[PDB]
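# Output the structure for:
(one chain, ligands or ions: 1)
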Amino acid sequence: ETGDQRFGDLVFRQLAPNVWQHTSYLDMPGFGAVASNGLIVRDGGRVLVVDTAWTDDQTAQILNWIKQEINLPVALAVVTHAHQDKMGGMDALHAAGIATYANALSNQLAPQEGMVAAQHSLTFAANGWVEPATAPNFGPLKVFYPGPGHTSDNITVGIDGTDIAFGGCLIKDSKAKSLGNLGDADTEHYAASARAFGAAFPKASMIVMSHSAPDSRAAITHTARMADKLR
Ligand SMILES: [Zn+2]
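Numbers count the residues shown, from 1 in each chain. And now the structure:
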């Protein structure tokens, strides 16, 4: 109604009464500006964050936006995989005293990827759901590890009480021409891993993704079908 708010170098798009997409950009000569998306979730008297911005500085701006726009404390942040777009503002989260969580494997891979591990490790049961003891007080955040896909550590998040689920860098948009960068990809499991995500949040009608605008469930089926062509 007032459109998408520009704050610092960042853009915020309200997806639901309690949920916002946060967006930061990296201008890569020859590619133009590349968007990275994450979530902000107001749960009662606290805010929960999914992913960082590309950099620590942009991640500090997310925190400033929350303080100024929502004025509630940030209880915790979850990072979807170990890569710059999801994990790049870890130091800013630490400096702010925010409890950080990532897949235990993300935390294992972090040093190699040249990044800072989150404070806490999430572990997942055989059915892919996070062990509740490793994710204390996650509220509406439901964390699912679909298996190896775009990376081996990629996880995914639904928001209880909304129609939203977030597939991270695993799901591409319904018109995407390719699955993009496969260097860390497990190409034989990728398709199953996408369908697993779909089945893990069967009710979500809005799929937020890393690099593009929110899409419908078509994004999941499109991604799965492209990934079928690799196996
Ligand atoms: Zn990635």
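# which residues in the chain form strands?
5-7, 10-16, 19-28, 32-43, 46-50, 74-79, 99-103, 120-122, 141-144, 156-159, 164-166, 206-208 (DSSP state E).
# Reformat these into JSON lines and put mean neighbour count next to each item.
C-beta here means a position set from N, CA and C on the backbone, and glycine is covered the same way. Listed next are these as JSON lines, based on neighbours: other Cβ atoms under 10 Å:
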{"stretch": "strand 5-7", "mean neighbour count": "13"}
{"stretch": "strand 10-16", "mean neighbour count": "17"}
{"stretch": "strand 19-28", "mean neighbour count": "19"}
{"stretch": "strand 32-43", "mean neighbour count": "19"}
{"stretch": "strand 46-50", "mean neighbour count": "23"}
{"stretch": "strand 74-79", "mean neighbour count": "25"}
{"stretch": "strand 99-103", "mean neighbour count": "23"}
{"stretch": "strand 120-122", "mean neighbour count": "18"}
{"stretch": "strand 141-144", "mean neighbour count": "21"}
{"stretch": "strand 156-159", "mean neighbour count": "26"}
{"stretch": "strand 164-166", "mean neighbour count": "27"}
{"stretch": "strand 206-208", "mean neighbour count": "23"}
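# right, so of those, which gets closest to residue 91?
Residue 91 sits nearest to strand 99-103 of all the strands of the chain, at 10.3 Å, using Cβ to Cβ.
# ok, and does that closest one reach over to the ion?
No - using Cβ under 5 Å from the ion, strand 99-103 stays clear of the ion, coming no nearer than 12.8 Å.
# what about that strand, distance to the chain center?
Counting by Cα atoms, centre = their mean, to the nearest Å, strand 99-103 is centred 12 Å from the centre of its parent chain.
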